[PDB]
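Each remark here refers to the structure printed beneath this line.
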Amino acid sequence: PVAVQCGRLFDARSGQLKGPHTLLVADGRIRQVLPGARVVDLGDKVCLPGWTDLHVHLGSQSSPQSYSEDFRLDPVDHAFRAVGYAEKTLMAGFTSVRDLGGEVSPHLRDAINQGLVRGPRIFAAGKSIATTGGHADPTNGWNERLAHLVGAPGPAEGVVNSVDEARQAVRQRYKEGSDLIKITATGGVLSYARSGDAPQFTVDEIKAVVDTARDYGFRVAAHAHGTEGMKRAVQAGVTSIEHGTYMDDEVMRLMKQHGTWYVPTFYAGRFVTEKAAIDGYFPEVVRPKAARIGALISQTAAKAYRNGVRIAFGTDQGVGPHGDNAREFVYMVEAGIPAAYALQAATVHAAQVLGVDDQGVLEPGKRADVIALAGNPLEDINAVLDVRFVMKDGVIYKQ
Amino acid sequence: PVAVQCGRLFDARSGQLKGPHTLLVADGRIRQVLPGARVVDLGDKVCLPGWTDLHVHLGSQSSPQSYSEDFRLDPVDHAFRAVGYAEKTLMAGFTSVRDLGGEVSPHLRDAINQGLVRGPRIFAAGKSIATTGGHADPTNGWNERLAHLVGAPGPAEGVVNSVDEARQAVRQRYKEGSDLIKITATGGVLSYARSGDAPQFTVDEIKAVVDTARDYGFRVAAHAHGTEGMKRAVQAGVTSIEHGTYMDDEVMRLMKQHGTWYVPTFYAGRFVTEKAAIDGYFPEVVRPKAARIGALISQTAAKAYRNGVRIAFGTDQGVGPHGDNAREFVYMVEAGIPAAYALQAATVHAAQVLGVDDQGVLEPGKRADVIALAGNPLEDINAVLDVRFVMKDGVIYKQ
Amino acid sequence: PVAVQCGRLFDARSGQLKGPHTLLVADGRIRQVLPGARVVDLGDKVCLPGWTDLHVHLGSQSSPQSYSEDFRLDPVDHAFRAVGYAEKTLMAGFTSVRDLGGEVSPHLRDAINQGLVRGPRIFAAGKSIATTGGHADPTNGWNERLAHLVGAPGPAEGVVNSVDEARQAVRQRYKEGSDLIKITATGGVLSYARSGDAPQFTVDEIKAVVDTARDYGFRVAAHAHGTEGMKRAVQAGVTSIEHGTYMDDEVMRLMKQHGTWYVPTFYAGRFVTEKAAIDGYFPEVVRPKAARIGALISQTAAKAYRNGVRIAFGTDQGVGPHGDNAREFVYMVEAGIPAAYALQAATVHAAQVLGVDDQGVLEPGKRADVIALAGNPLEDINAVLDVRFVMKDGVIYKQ
Amino acid sequence: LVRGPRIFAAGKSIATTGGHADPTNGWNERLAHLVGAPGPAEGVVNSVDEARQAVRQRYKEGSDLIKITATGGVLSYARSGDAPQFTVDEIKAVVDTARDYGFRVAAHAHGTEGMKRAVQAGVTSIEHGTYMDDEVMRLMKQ
Ligand SMILES: [Zn+2]
Ligand SMILES: [Zn+2]
Ligand SMILES: [Zn+2]
Ligand SMILES: [Zn+2]
Ligand SMILES: [Zn+2]
Ligand SMILES: [Zn+2]
Ligand SMILES: [Zn+2]
């Protein structure tokens, strides 16, 4: 039964900064909000709902030695790093994340739920689904000896090639304890492959994936750079599109008609463009793809916003350093997107993408995930980079 | 910035021998051609664009001990032999080749691109795709002990039996780093099998292969002797047909309607018939097939030329000795094909088969691959057997 | 440079409590101790060197569900539990531990050395070496189906049956990044086996293990309950004996002549005796062994101390709850061992057992591991249950 | 086929588990599981009978001489740089088997103890002598 007094309250449902309020928190939920028991005072601070990041990779972080860790490290080391990664992510103001790839994230989610370690609320997609030679193929770039003694990956490993294998892949993701489904619709930038935007899925396989996920109650997110794969994924019926580098007018029309969410991820594109300039940071197979593709994200996102495509907040951290997600807000504001909409996209739209209702707005009966800022973020977006108070589920983690 | 002065220039776009010209080469391209900086003088020479061979096997060469090398040699020995094979091919005037089978050719292409060894520009198809018991099945003729210790080949090994396996095989060829797709539509002569012209593919599987290859920008070439497999491959939508020993009028009509390219390969047809006369050179399973099939190639190619089928230049070297490709120019001319068309088929039509535009004609903005002949090849076709100057991408390899 | 003012100081090299002192810490070591820079004042506290626990299992903890997690849980879950286990162990005043079995411990040591997580300084033995059916056999109690699909363990798994296999086992332990070697000479209480004190090693295998360990700079610790296995291990030349449940006069004489160290581990015996009374806690195979063997660790340790056998400090935590190690100090003092010797056994004798000269005493040039207690432990042995100040390598962790 | 000098090839180098020439040093658990622990066919030995088979397998693969790593090395993915990694019986077995097939033995060594063991076993040449002392020099001269 705590009473949090807030000097200025942000209404994520309306996007307008309100006056002083008081929140009553009991049993991990918000009991009532009163205009104007222990007391937590934030009279000279701005209170907001906890932020949600819809694209993170908490079990990795990009580094010069990243491409050699596949043959030298074990999952235990990745978990020991993910402890600090999750603590840094939680302390930055993000009380919820959607992890879109990795086999360490379900275990970290279980550990956080059991209270062994501190971190945000994780919605884990598990191992991503791809095709042979795809962006998420685990054996791209391996020589013939290792490839032969490791075999050809199949539905149990996440590699699909037919309609009947997609069903088995979705069922195996459900069996391993996933919360949603992730597919790579086209090629990628950071993979050890040749293509970067070629359509790597047929419409039948994506439709099978969506049908199986709907049978199991899952939602499907699709990584996509090229136009043909993006159009195939949109027409199949996926929920969100992870990148839109080569999005055109017809894809925008189809997205608006279907209701697809768009996750721009400015931060990853800026990071790959910056790191492609350093010699030796990326393999020579990867460097041209990054230097070309990554620089065409801010314009497409601005055009999609101007055309009326629903946009959500996601960072693709794991390329960039964890605990620095809030910088994307700045990248949004300097892209033509108003600060109010940028703050809305991480609170009330992220819950719509996630398909839940118990979070996103500071309303009675919802989860008590509250954060505080020293400065007003509407008149100056940089104030999102200094969080002074973090509370999750009624437990204060930063005062 | 080199100036090559040529006494007589051949116009591959028109097929007519022109007068003296001057080519300006800078940065590996042709800058301008002027009728009438270091100077390379070929005053008493005929200048032509570099030749292209659309059917070679640079990782092997036929010999009496060829059929036992499968169990005694390693890929390293084949690479060490290909080192000399590629140089012998380049010095003969062929600055570009299309390799249609072999798992050593992508590595040799990478080595040549990195500048470690000298050779032509390789477009590699990788491992060929076949069916169970097919012409390109890697385990034909093996006893049951070895066949059990190696298992049954699948899509990862290049053997398909359904549409989904065909899709997986094309995707695996893309993953392994291929530039096009090669399928065996019928039986063959040099296989350790029983049939020589039976249809070994169904229309659905070939259509699946063509669709998957089109999804990745690949072109498909088909090896075919019998009429039924040839017709199936033509109707499915392949680009070129590698043989047509039993081509009839309905196939010729279908080829003309669809636009299929024809590669006769006179040299291999003559070589197999000549070597079938020697006792013990070929296995008793192979000798009748060679002695029968190989002798019916020159008549079919002449009839197809008379009927209006588009014909490209290919030799199927690896059966014949490398560095002797130009002899095919003779076999075409003594088959009724004019010398001008024979020279055109290896320069401007080979680029159309390959699907590129930066080579084939000595024009500004195209690659500077130039060769020179001592005698005029139009009046005498034997002059193609004495090349005196070879330059590839602006670098002179033979003066 | 930090100046620590101490009201009373304990000299581990003499076992006497001195007067006020001042310690100068710079670069993570002790510079000068002056009788009588940022100042840390502990004028009303008793300062001691950091304690060392020579028998812990930081990768596990006893639970009613501990006999089904071998088939349900993953090493990542054990790492996430080990983070908290190590933090609790460090906060209790134990700045160094010797881990005597477990696959997670080397990775936890690496993570702590890199600063990713908090914990003590780990000397990890890695896998424990046993024979077929031994106390440390990883497949004890499994059914025929599981034991078939896993195969018979060999020297790579830690199971040996000859001299040449023991050599390979020691070399494999070195290869995996171990600091010492651990073998089980006899049976154990908690194994899924019939025996509790039978000899399971021959003198020729233990001698080979010791000889191979001496090459790589390793020391050998031996688990033993019965008299014959203890005698074999002592005569072979092991460094320390982990339990002495059935030690007799001849074994004590041999230990005195050889100089072997003895680790009683009162806590494990008391815990197993208390948990054997509960119904269903242990499997029916384990319960009689826990009821019988553990009730004799107190009379044997007292007799060994009265006979002049050298005794060190160890708790076997992971059977007991992590963080409660210091309670063993209460068990030794009530067993007849004086408080000063019990305090020396964890500071100056643990360094002799480990073979490191940089720790153990608060002297210039040594590692700055300093702990503080509210009360005087030489008159009340319960004061070791209230640690008020912890410092490891010059960094303050608890103030 | 190609140009170059006259090669006297030793082939695979023989080492022990975790040795300087171990082909699986530094690999993670997954990779090391799908390759198996190297044996005498891969050049890794741990006894006399395994060393005999290793020398015979080197002969079978077309080698001209035998190469062993007596101690640790600088460039390996291992913790040690000069520790003894061969016992005096294994080196003697290697030399005795090599003498049968007409082979000579070269030894990689940095530390003093491994160098001494290799010199007293009867190797032909020593590849490095980083920590050679007076007794090792006297034994080499003798
Ligand atoms: Zn992506
Ligand atoms: Zn991603
Ligand atoms: Zn063919
Ligand atoms: Zn061919
Ligand atoms: Zn024990
Ligand atoms: Zn133990
Ligand atoms: Zn060396």
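Proteins get letters first, then strands, A, B, ... in listed order; numbering begins at 1 in each.
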- Message: I'd like to check the side chain to side chain contact (heavy atoms under 4.5 Å, CB included) partners of A:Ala92; sequence neighbours left out, ordered by chain and number.
- Response: A:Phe94
- Message: The criterion is side chain to side chain contact (heavy atoms under 4.5 Å, CB included); which residues satisfy it with A:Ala79, sequence neighbours excluded?
- Response: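 With sequence neighbours excluded, A:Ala79 shows a side chain to side chain contact (heavy atoms under 4.5 Å, CB included) to A:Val104, C:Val76, C:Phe80, given in chain and number order.
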I'd like a table of the N/O donor-acceptor pairs between chain C and chain A - cut-off under 3.5 Å, distance only.
unit_1	atom_1	unit_2	atom_2	d
C:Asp77	OD1	A:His107	ND1	3.2

